[PDB]
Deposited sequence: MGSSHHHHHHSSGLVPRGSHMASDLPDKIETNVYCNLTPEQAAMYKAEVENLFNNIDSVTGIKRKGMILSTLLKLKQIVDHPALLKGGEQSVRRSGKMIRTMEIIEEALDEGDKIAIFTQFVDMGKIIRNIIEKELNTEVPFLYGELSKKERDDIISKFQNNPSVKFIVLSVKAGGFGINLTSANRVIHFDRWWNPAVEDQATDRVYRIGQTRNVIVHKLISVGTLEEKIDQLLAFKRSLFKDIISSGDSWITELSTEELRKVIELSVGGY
């Protein structure tokens, strides 16, 4: 297996939203402490993760490829993969992003895109898994794994796109792609783990927890947009 990062630049719209939210967090973070500080950071982290996926998760509007640096690279990967005859699985931590991805693909490629999410009944789920695993025609499957949810190992997939960081840090041929938003917390967090996993080996399990406890300066290093021009 070959796993690798795919760097995707945010669109101007995305960069502007990302920046505003980062400025909003730092404008009010000094007022609170303790519990209220933890929750304030948590809300910002959530919005930023959604913004780097697709502006429509927060502003609604057109669910187009064009509005998302990641969606734009995803259709490029898809084009190359279908030509190789790949069966493609795309994972995201947000049920809403999963639907957007599924809608875009069905519309642009006119093919059926089964969608796995937690609320599905067992049968709907098993049936969808069986359909992707046994029918070579079915070229796609979208999976949204919420926090506290678990992944799945779809052996029939030849290509896997991890749309955002949905997976468990502690754990972590099929061609694997990890989408990463250039100059954002997605890039920072990835860089930090890959540098000295030894330092984090303790804290790594408990998720974003370590992030909500960083000093305000350390936090700014992690989330502020570090794109030229900004």
field: Gaps in the model, given as deposited-sequence positions counted from residue 1
entry: 1-27, 200-213
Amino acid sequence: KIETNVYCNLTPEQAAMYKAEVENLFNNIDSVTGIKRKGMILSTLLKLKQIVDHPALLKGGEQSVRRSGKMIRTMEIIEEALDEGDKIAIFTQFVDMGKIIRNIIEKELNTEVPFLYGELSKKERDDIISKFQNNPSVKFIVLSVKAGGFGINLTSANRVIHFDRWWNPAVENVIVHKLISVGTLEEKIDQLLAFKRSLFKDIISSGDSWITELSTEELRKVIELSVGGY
From here on, numbers count along this sequence of modelled residues.
query: In the PDB record, does 202-210 or 18-26 carry the higher mean Cα temperature factor?
result: 202-210
query: Do the C-alpha atoms of 89-97 or of 129-137 have the higher average B factor in the entry?
result: 129-137
query: Which is it among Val182, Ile51, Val32, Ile189: the one with the largest CA B-factor in the entry?
result: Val32
- prompt: At the C-alpha atoms, which of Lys196, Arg67, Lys70, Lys178 reaches the highest B-factor in this entry?
  reply: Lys196
field: Among modelled residues of the same chain, the CA temperature factor third for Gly151
entry: middle
Lowest, middle or highest third - CA B-factor, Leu120: middle
query: Of the three thirds of its chain by CA temperature factor, lowest, middle or highest, which one includes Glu84?
result: highest
message: Sorting by Cα B-factor within the chain, modelled residues only, which third would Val227 end up in: lowest, middle or highest?
response: middle
- request: Comparing against every modelled residue in the chain, figure out the third that the C-alpha B-factor of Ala56 lands in (lowest, middle or highest).
  value: middle
